[PDB]
$ cat start.cif   # mmCIF, C-alpha atoms and all ligand atoms
data_structure
#
loop_
_atom_site.label_atom_id
_atom_site.label_comp_id
_atom_site.auth_asym_id
_atom_site.auth_seq_id
_atom_site.Cartn_x
_atom_site.Cartn_y
_atom_site.Cartn_z
CA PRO Q 6 -16.08 5.58 33.61
CA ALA Q 7 -16.94 8.34 31.12
CA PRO Q 8 -18.83 7.89 27.84
CA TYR Q 9 -17.07 7.77 24.49
CA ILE Q 10 -18.12 7.47 20.85
CA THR Q 11 -16.13 5.25 18.49
CA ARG Q 12 -18.28 5.66 15.39
CA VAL Q 13 -21.82 6.17 14.16
CA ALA Q 14 -23.42 3.65 11.83
CA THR Q 15 -25.90 5.04 9.30
CA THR Q 16 -26.84 5.07 5.63
CA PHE Q 17 -26.38 8.23 3.60
CA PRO Q 18 -27.85 10.66 3.03
CA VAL Q 19 -29.32 10.94 6.52
CA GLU Q 20 -32.97 11.94 6.06
CA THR Q 21 -35.80 12.26 8.53
CA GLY Q 22 -36.36 8.81 9.99
CA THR Q 23 -33.04 7.33 8.85
CA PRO Q 24 -31.80 4.91 11.54
CA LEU Q 25 -28.50 5.70 13.22
CA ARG Q 26 -26.51 3.75 15.78
CA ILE Q 27 -23.98 5.42 18.07
CA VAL Q 28 -21.19 2.94 18.86
CA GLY Q 29 -18.95 3.58 21.84
CA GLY Q 30 -19.06 2.69 25.51
CA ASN Q 31 -20.10 3.65 29.03
CA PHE Q 32 -23.49 5.05 28.04
CA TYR Q 33 -24.72 4.91 31.65
CA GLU Q 34 -27.27 7.40 32.95
CA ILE Q 35 -27.85 9.02 29.57
CA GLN Q 36 -29.57 12.34 30.14
CA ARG Q 37 -29.75 13.73 26.61
CA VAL Q 38 -28.89 12.84 23.03
CA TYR Q 39 -28.78 15.72 20.59
CA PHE Q 40 -27.28 17.17 17.43
CA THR Q 41 -25.52 20.53 17.82
CA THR Q 42 -24.04 23.06 15.44
CA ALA Q 43 -21.05 23.28 17.81
CA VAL Q 44 -17.83 21.53 16.79
CA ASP Q 45 -14.51 20.76 18.49
CA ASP Q 46 -15.73 21.97 21.90
CA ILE Q 47 -19.25 21.29 23.17
CA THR Q 48 -19.13 23.36 26.37
CA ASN Q 49 -22.44 25.24 26.33
CA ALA Q 50 -23.26 23.69 22.96
CA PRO Q 51 -26.83 24.42 21.84
CA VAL Q 52 -29.37 21.61 21.65
CA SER Q 53 -30.00 22.24 17.95
CA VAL Q 54 -32.01 19.05 17.29
CA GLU Q 55 -32.77 16.78 20.24
CA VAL Q 56 -33.27 13.03 19.97
CA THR Q 57 -36.05 12.19 22.43
CA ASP Q 58 -36.73 8.58 21.35
CA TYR Q 59 -33.76 6.21 21.51
CA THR Q 60 -32.78 2.82 22.92
CA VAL Q 61 -29.59 1.51 24.55
CA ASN Q 62 -28.31 -2.06 24.28
CA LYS Q 63 -27.56 -4.40 27.19
CA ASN Q 64 -23.82 -3.57 27.37
CA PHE Q 65 -24.41 0.23 27.32
CA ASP Q 66 -22.20 0.62 24.26
CA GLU Q 67 -24.69 1.16 21.40
CA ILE Q 68 -27.53 3.71 21.13
CA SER Q 69 -30.15 3.40 18.38
CA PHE Q 70 -32.53 6.07 17.11
CA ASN Q 71 -34.20 7.42 13.98
CA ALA Q 72 -33.02 10.78 12.65
CA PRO Q 73 -35.28 13.63 13.85
CA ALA Q 74 -36.90 16.06 11.45
CA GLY Q 75 -35.10 19.32 10.72
CA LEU Q 76 -31.68 17.72 11.02
CA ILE Q 77 -28.65 19.99 10.80
CA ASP Q 78 -26.38 19.59 7.80
CA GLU Q 79 -23.19 19.41 9.88
CA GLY Q 80 -22.01 19.77 13.45
CA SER Q 81 -21.70 17.23 16.24
CA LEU Q 82 -23.75 14.40 17.72
CA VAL Q 83 -23.69 14.44 21.52
CA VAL Q 84 -24.46 11.91 24.25
CA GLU Q 85 -24.82 13.76 27.56
CA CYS Q 86 -24.58 11.41 30.56
CA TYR Q 87 -24.43 11.99 34.32
CA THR Q 88 -20.65 11.55 34.52
CA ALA Q 89 -19.71 13.54 31.41
CA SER Q 90 -20.55 14.01 27.73
CA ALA Q 91 -19.23 12.42 24.56
CA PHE Q 92 -19.48 13.84 21.06
CA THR Q 93 -18.48 13.03 17.50
CA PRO Q 94 -18.49 14.94 14.21
CA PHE Q 95 -21.69 14.62 12.18
CA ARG Q 96 -22.71 15.44 8.63
CA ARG Q 97 -25.82 14.39 6.73
CA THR Q 98 -24.16 13.54 3.41
CA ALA Q 99 -21.26 11.29 2.48
CA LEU Q 100 -17.90 12.74 1.50
CA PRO Q 101 -16.21 11.24 -1.58
CA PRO Q 102 -13.58 8.58 -0.90
CA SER Q 103 -9.90 9.36 -1.20
CA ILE Q 104 -6.76 7.23 -1.52
CA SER Q 105 -3.52 8.22 0.18
CA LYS Q 106 -1.38 5.07 -0.18
CA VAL Q 107 -1.43 1.73 -2.03
CA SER Q 108 0.64 -1.30 -1.09
CA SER Q 109 1.95 -1.73 -4.63
CA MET Q 110 1.40 -0.14 -8.03
CA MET Q 111 1.87 -3.56 -9.65
CA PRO Q 112 0.32 -6.19 -7.37
CA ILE Q 113 0.68 -9.79 -8.44
CA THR Q 114 -2.59 -11.56 -9.24
CA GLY Q 115 -3.90 -13.51 -6.26
CA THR Q 116 -2.02 -11.51 -3.63
CA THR Q 117 -3.60 -9.18 -1.07
CA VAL Q 118 -3.50 -5.45 -1.85
CA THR Q 119 -3.89 -2.88 0.93
CA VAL Q 120 -5.20 0.66 0.36
CA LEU Q 121 -5.13 3.56 2.84
CA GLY Q 122 -7.51 6.47 2.48
CA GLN Q 123 -10.68 8.04 3.85
CA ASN Q 124 -14.44 7.52 3.52
CA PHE Q 125 -14.44 3.92 2.24
CA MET Q 126 -18.04 3.37 3.42
CA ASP Q 127 -20.62 1.84 1.05
CA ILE Q 128 -18.20 0.50 -1.53
CA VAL Q 129 -19.65 -0.06 -5.00
CA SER Q 130 -16.60 -1.20 -6.94
CA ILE Q 131 -12.82 -1.39 -7.05
CA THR Q 132 -11.50 -1.22 -10.60
CA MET Q 133 -8.24 -1.03 -12.53
CA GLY Q 134 -8.53 -0.44 -16.24
CA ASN Q 135 -10.94 -3.06 -17.58
CA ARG Q 136 -10.63 -5.27 -14.46
CA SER Q 137 -12.95 -5.24 -11.44
CA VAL Q 138 -12.25 -6.65 -7.98
CA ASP Q 139 -14.27 -9.54 -6.56
CA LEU Q 140 -16.01 -7.73 -3.71
CA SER Q 141 -16.21 -10.97 -1.69
CA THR Q 142 -12.44 -10.54 -1.16
CA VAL Q 143 -12.75 -6.97 0.20
CA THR Q 144 -12.34 -6.15 3.89
CA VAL Q 145 -12.78 -2.57 5.15
CA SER Q 146 -11.62 -1.27 8.53
CA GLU Q 147 -14.19 0.03 10.99
CA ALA Q 148 -12.93 3.61 10.53
CA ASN Q 149 -13.40 3.29 6.73
CA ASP Q 150 -9.77 4.38 6.22
CA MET Q 151 -8.18 1.08 5.14
CA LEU Q 152 -9.19 -1.83 2.96
CA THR Q 153 -7.74 -5.01 1.53
CA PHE Q 154 -8.70 -6.98 -1.56
CA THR Q 155 -7.38 -9.82 -3.70
CA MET Q 156 -5.68 -8.65 -6.85
CA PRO Q 157 -7.63 -9.93 -9.88
CA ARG Q 158 -6.30 -10.78 -13.34
CA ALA Q 159 -3.74 -8.18 -14.34
CA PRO Q 160 -4.76 -5.10 -16.36
CA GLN Q 161 -3.40 -4.77 -19.89
CA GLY Q 162 -1.25 -1.73 -19.06
CA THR Q 163 -1.02 1.58 -17.24
CA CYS Q 164 -4.44 2.57 -15.93
CA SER Q 165 -6.18 4.10 -12.92
CA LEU Q 166 -6.97 2.27 -9.72
CA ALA Q 167 -10.43 3.47 -8.71
CA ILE Q 168 -12.46 2.91 -5.56
CA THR Q 169 -16.10 3.89 -6.04
CA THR Q 170 -18.51 4.31 -3.13
CA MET Q 171 -22.03 5.68 -2.95
CA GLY Q 172 -20.27 8.98 -2.13
CA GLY Q 173 -18.04 9.18 -5.20
CA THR Q 174 -14.82 7.90 -6.73
CA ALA Q 175 -11.16 8.04 -5.80
CA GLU Q 176 -8.61 7.46 -8.54
CA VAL Q 177 -4.89 6.63 -8.56
CA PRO Q 178 -3.34 7.22 -12.01
CA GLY Q 179 -0.20 5.44 -13.13
CA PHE Q 180 -1.40 2.11 -11.75
CA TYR Q 181 -0.02 -1.13 -13.21
CA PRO Q 182 2.76 0.50 -15.35
CA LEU Q 183 3.54 -2.51 -17.52
CA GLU Q 184 4.86 -0.26 -20.29
CA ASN Q 185 7.62 0.85 -17.88
CA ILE Q 186 8.93 -2.67 -17.16
CA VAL Q 187 12.64 -3.10 -17.97
CA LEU Q 188 13.08 -6.66 -16.64
CA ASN Q 189 10.47 -9.30 -15.85
CA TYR Q 190 12.24 -12.61 -16.63
CA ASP Q 191 9.45 -13.43 -19.08
CA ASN Q 192 9.20 -11.34 -22.28
CA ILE Q 193 11.32 -8.34 -21.09
CA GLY Q 194 15.02 -8.70 -20.37
CA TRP Q 195 16.98 -11.74 -19.34
CA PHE Q 196 19.04 -13.30 -16.58
CA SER Q 197 22.78 -13.33 -17.34
CA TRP Q 198 24.49 -14.92 -14.33
CA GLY Q 199 24.67 -14.95 -10.59
CA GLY Q 200 25.62 -16.88 -7.50
CA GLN Q 201 22.80 -18.34 -5.39
CA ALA Q 202 20.28 -17.48 -8.16
CA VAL Q 203 17.55 -19.77 -9.51
CA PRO Q 204 14.33 -19.02 -11.47
CA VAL Q 205 11.02 -19.85 -9.82
CA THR Q 206 7.47 -19.96 -11.18
CA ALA Q 207 4.96 -20.23 -8.36
CA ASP Q 208 1.98 -22.58 -8.37
CA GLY Q 209 0.49 -21.97 -4.91
CA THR Q 210 2.37 -24.68 -2.99
CA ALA Q 211 5.61 -22.95 -1.93
CA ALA Q 212 7.02 -19.45 -1.55
CA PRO Q 213 6.49 -17.00 -3.09
CA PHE Q 214 3.08 -18.74 -3.59
CA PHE Q 215 2.03 -16.38 -6.37
CA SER Q 216 4.25 -15.07 -9.12
CA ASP Q 217 3.95 -13.03 -12.30
CA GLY Q 218 5.34 -15.74 -14.51
CA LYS Q 219 8.99 -16.42 -13.80
CA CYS Q 220 10.78 -14.61 -10.97
CA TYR Q 221 14.34 -15.06 -9.68
CA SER Q 222 15.33 -16.23 -6.21
CA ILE Q 223 18.42 -15.52 -4.14
CA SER Q 224 18.69 -18.21 -1.49
CA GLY Q 225 21.02 -20.28 0.66
CA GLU Q 226 23.22 -20.00 3.73
CA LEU Q 227 25.08 -16.68 4.02
CA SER Q 228 28.06 -16.87 6.36
CA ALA Q 229 29.67 -14.12 8.38
CA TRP Q 230 32.40 -12.03 6.76
CA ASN Q 231 31.15 -12.82 3.26
CA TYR Q 232 32.12 -10.24 0.66
CA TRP Q 233 30.96 -12.14 -2.45
CA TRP Q 234 27.91 -14.38 -2.34
CA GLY Q 235 24.64 -13.84 -4.24
CA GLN Q 236 24.03 -11.92 -7.45
CA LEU Q 237 21.33 -11.30 -10.03
CA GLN Q 238 23.21 -9.96 -13.06
CA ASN Q 239 20.58 -9.25 -15.69
CA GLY Q 240 20.15 -7.72 -19.09
CA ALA Q 241 17.39 -5.10 -18.96
CA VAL Q 242 15.45 -3.47 -21.80
CA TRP Q 243 15.59 0.28 -21.24
CA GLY Q 244 13.71 1.45 -24.34
CA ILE Q 245 10.44 2.40 -22.67
CA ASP Q 246 7.80 3.83 -25.02
CA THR Q 247 8.07 7.62 -24.86
CA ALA Q 248 4.30 7.92 -24.45
CA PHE Q 249 4.79 6.39 -20.99
CA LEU Q 250 8.13 7.99 -20.06
CA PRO Q 251 9.19 11.16 -21.90
CA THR Q 252 12.79 11.28 -23.06
CA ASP Q 253 13.55 14.56 -21.28
CA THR Q 254 12.29 13.39 -17.87
CA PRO Q 255 14.74 14.33 -15.08
CA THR Q 256 16.31 11.29 -13.47
CA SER Q 257 15.73 13.06 -10.14
CA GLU Q 258 11.99 12.43 -10.73
CA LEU Q 259 12.32 8.70 -11.44
CA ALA Q 260 12.72 5.50 -9.42
CA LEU Q 261 13.85 1.97 -10.14
CA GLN Q 262 10.96 0.01 -8.67
CA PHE Q 263 10.50 -3.73 -8.25
CA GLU Q 264 8.60 -6.45 -6.43
CA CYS Q 265 10.35 -8.44 -3.70
CA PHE Q 266 9.23 -11.38 -1.56
CA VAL Q 267 11.31 -12.05 1.56
CA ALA Q 268 10.41 -15.57 2.68
CA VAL Q 269 12.76 -15.73 5.69
CA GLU Q 270 13.53 -12.86 8.04
CA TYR Q 271 17.23 -12.15 8.55
CA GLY Q 272 19.08 -10.04 11.08
CA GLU Q 273 21.67 -7.31 10.74
CA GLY Q 274 24.60 -7.78 8.39
CA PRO Q 275 23.40 -8.86 4.94
CA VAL Q 276 23.11 -6.01 2.45
CA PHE Q 277 22.40 -5.50 -1.24
CA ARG Q 278 24.05 -3.22 -3.68
CA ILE Q 279 22.44 -2.23 -6.97
CA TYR Q 280 24.12 -0.79 -10.04
CA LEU Q 281 23.00 -0.12 -13.61
CA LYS Q 282 24.85 -0.36 -16.94
CA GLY Q 283 28.06 -1.36 -15.18
CA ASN Q 284 28.35 1.96 -13.33
CA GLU Q 285 29.66 0.57 -10.07
CA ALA Q 286 31.01 4.05 -9.27
CA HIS Q 287 27.40 5.18 -8.79
CA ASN Q 288 26.14 2.03 -7.05
CA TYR Q 289 23.57 2.17 -4.27
CA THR Q 290 24.92 0.15 -1.33
CA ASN Q 291 23.82 -1.18 2.06
CA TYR Q 292 20.25 -1.81 0.95
CA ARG Q 293 17.66 -3.87 2.82
CA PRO Q 294 14.45 -4.55 0.83
CA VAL Q 295 11.66 -2.68 2.59
CA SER Q 296 8.11 -1.90 1.50
CA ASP Q 297 7.31 1.55 0.09
CA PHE Q 298 4.00 1.15 1.95
CA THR Q 299 5.19 0.35 5.49
CA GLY Q 300 8.87 1.31 5.38
CA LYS Q 301 9.73 -2.16 6.75
CA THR Q 302 10.41 -5.67 5.50
CA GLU Q 303 7.11 -7.56 5.20
CA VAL Q 304 8.11 -11.20 5.57
CA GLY Q 305 5.95 -13.60 3.61
CA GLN Q 306 4.29 -11.07 1.29
CA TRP Q 307 5.22 -9.42 -2.00
CA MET Q 308 6.43 -5.84 -1.42
CA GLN Q 309 7.02 -2.92 -3.75
CA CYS Q 310 10.53 -1.51 -3.34
CA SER Q 311 11.68 1.78 -4.89
CA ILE Q 312 15.18 3.25 -5.24
CA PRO Q 313 15.61 6.80 -6.59
CA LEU Q 314 17.19 6.63 -10.02
CA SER Q 315 19.41 9.59 -9.13
CA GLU Q 316 21.07 7.29 -6.55
CA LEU Q 317 22.01 4.90 -9.38
CA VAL Q 318 22.79 6.97 -12.49
CA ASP Q 319 25.15 9.86 -13.31
CA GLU Q 320 22.93 11.21 -16.09
CA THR Q 321 20.49 14.07 -15.47
CA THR Q 322 17.78 13.05 -17.96
CA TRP Q 323 16.23 9.69 -18.75
CA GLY Q 324 17.20 9.99 -22.41
CA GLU Q 325 20.85 10.56 -21.56
CA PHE Q 326 20.82 7.45 -19.36
CA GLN Q 327 19.22 5.47 -22.19
CA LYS Q 328 22.04 6.56 -24.50
CA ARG Q 329 24.70 5.32 -22.07
CA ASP Q 330 26.38 2.17 -23.32
CA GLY Q 331 25.44 -1.16 -21.77
CA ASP Q 332 22.23 -2.74 -20.52
CA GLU Q 333 22.93 -4.45 -17.19
CA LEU Q 334 20.74 -4.32 -14.09
CA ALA Q 335 22.73 -5.80 -11.19
CA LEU Q 336 21.88 -6.73 -7.59
CA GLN Q 337 24.49 -8.25 -5.27
CA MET Q 338 24.07 -9.55 -1.72
CA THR Q 339 26.96 -9.75 0.77
CA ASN Q 340 27.38 -9.98 4.56
CA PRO Q 341 30.30 -7.70 5.53
CA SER Q 342 29.73 -8.32 9.23
CA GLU Q 343 30.49 -10.61 12.16
CA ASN Q 344 26.87 -11.80 12.22
CA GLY Q 345 25.60 -15.08 10.84
CA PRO Q 346 25.25 -17.53 9.38
CA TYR Q 347 21.81 -16.60 8.02
CA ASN Q 348 19.35 -18.58 5.94
CA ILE Q 349 18.33 -16.34 3.02
CA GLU Q 350 15.32 -16.82 0.75
CA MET Q 351 14.08 -13.93 -1.39
CA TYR Q 352 12.43 -13.43 -4.78
CA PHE Q 353 12.52 -10.54 -7.25
CA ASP Q 354 10.43 -9.57 -10.29
CA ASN Q 355 8.97 -6.75 -12.35
CA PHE Q 356 11.69 -4.10 -12.42
CA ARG Q 357 10.25 -0.85 -13.81
CA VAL Q 358 11.36 2.77 -14.15
CA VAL Q 359 8.57 5.12 -13.04
CA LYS Q 360 7.94 8.66 -11.87
CA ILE Q 361 8.03 9.33 -8.14
CA CA O 401 8.06 -12.34 -14.09
#

$ encode --input "start.cif" --output "structure tokens"
Amino acid sequence: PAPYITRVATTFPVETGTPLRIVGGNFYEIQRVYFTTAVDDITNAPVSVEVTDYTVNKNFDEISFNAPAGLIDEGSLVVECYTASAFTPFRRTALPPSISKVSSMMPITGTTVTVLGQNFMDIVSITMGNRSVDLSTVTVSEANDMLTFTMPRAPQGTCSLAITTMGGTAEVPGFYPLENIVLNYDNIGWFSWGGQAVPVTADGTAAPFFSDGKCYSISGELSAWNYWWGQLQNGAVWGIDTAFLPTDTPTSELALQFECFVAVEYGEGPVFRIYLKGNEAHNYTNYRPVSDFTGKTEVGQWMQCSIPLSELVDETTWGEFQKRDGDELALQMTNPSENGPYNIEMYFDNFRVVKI
């Protein structure tokens, strides 16, 4: 079998004498280890800085050495064996971290948050406003491109999520947009009526296990050919502070976003419709709650779900929608299909209107 390199373990910046460990496999009959200025293709790559003193572990999958003097700033690190060669990108200094995706912009305290990005090595802190994450709850993938943590006590309002490493800081603005909440079953909005609907406040012992105060459940047995079953018919508070959502914002740039916990997986058939301010003519139909993060239903975990506001409202600006008569936020579950019966158990909270 041919050698390969999975990763290189080292502390930054890499100075003369800094220990490195090449992690991979099949390091049999090593003939040379060297840094090269060549990238992408190492055919006839120069031996820019050779490593003459190194050790290999018992399973031939880890090579240890101290950085030679005169180390290149960037290029490739190469292990040349009898069979073939393996190489990996190398640079002496850390790049700043970056964040590409977050599992939710409003994670519930106590739940697990997932972040995708790059260069998560040597984490110093994870912060959100005036809150800081307990680093004992953090797990980082081996490729330093994914991490999880436990959401701490909630921030006081819209802030930046920030991951700080020894290499720098990555920031996500617009995090925890409490000012944009239109219905939370606590201080904002109210439940009006609905079949199969009951309020729930979690305490750790039963689904949804954690909750932001009161949430509402839709649950029960949903038969086949059921055209009227579960509803959450709610009064929402649409008067978001203009400092957090300008009046002239295009509705094409906004989403209705909420948290959803699906406790029991269900098959094809059951669907939700959503409509606002009684405008059934512009309802969004055939909806299955799926995570913005994964694109799929994540059974047993709170998900963030977004629906474009332009799929729900006739108005072209946020202010014009605010001026429309009424206040309702409605969700209705049916099963217009031959399939079933299905046991349903789902929870909803923290409806907000936010920019996409
Ligand atoms: Ca709530």

$ closest_residue --input "start.cif" --among "Q:106, Q:96, Q:219, Q:158" --to "residue Q:175" --atoms "all atoms listed in the file"
Q:106

$ atom_distance --input "start.cif" --atom1 "atom CA of residue Q:232" --atom2 "atom CA of residue Q:198"
17.5 Å

$ closest_residue --input "start.cif" --among "Q:262, Q:321, Q:31, Q:135" --to "residue Q:294" --atoms "all atoms listed in the file"
Q:262

$ closest_residue --input "start.cif" --among "Q:17, Q:323, Q:347, Q:125" --to "residue Q:260" --atoms "all atoms listed in the file"
Q:323

$ closest_residue --input "start.cif" --among "Q:271, Q:280, Q:154, Q:214" --to "residue Q:142" --atoms "all atoms listed in the file"
Q:154

$ residues_around --input "start.cif" --residues "stretch 254-257 of chain Q" --least-positions-apart "6" --cutoff "8 Å" --atoms "all atoms listed in the file" --output "PyMOL selection string"
chain Q and resi 313-315+318+320-324

$ residues_around --input "start.cif" --residues "residue Q:73" --least-positions-apart "2" --cutoff "8 Å" --atoms "only C-alpha atoms" --output "mmCIF file with C-alpha atoms, in the coordinates of the input"
data_model
loop_
_atom_site.group_PDB
_atom_site.id
_atom_site.type_symbol
_atom_site.label_atom_id
_atom_site.label_comp_id
_atom_site.auth_asym_id
_atom_site.auth_seq_id
_atom_site.Cartn_x
_atom_site.Cartn_y
_atom_site.Cartn_z
ATOM 1 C CA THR Q 21 -35.800 12.260 8.530
ATOM 2 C CA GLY Q 22 -36.360 8.810 9.990
ATOM 3 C CA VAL Q 54 -32.010 19.050 17.290
ATOM 4 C CA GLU Q 55 -32.770 16.780 20.240
ATOM 5 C CA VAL Q 56 -33.270 13.030 19.970
ATOM 6 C CA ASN Q 71 -34.200 7.420 13.980
ATOM 7 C CA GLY Q 75 -35.100 19.320 10.720
ATOM 8 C CA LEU Q 76 -31.680 17.720 11.020
#
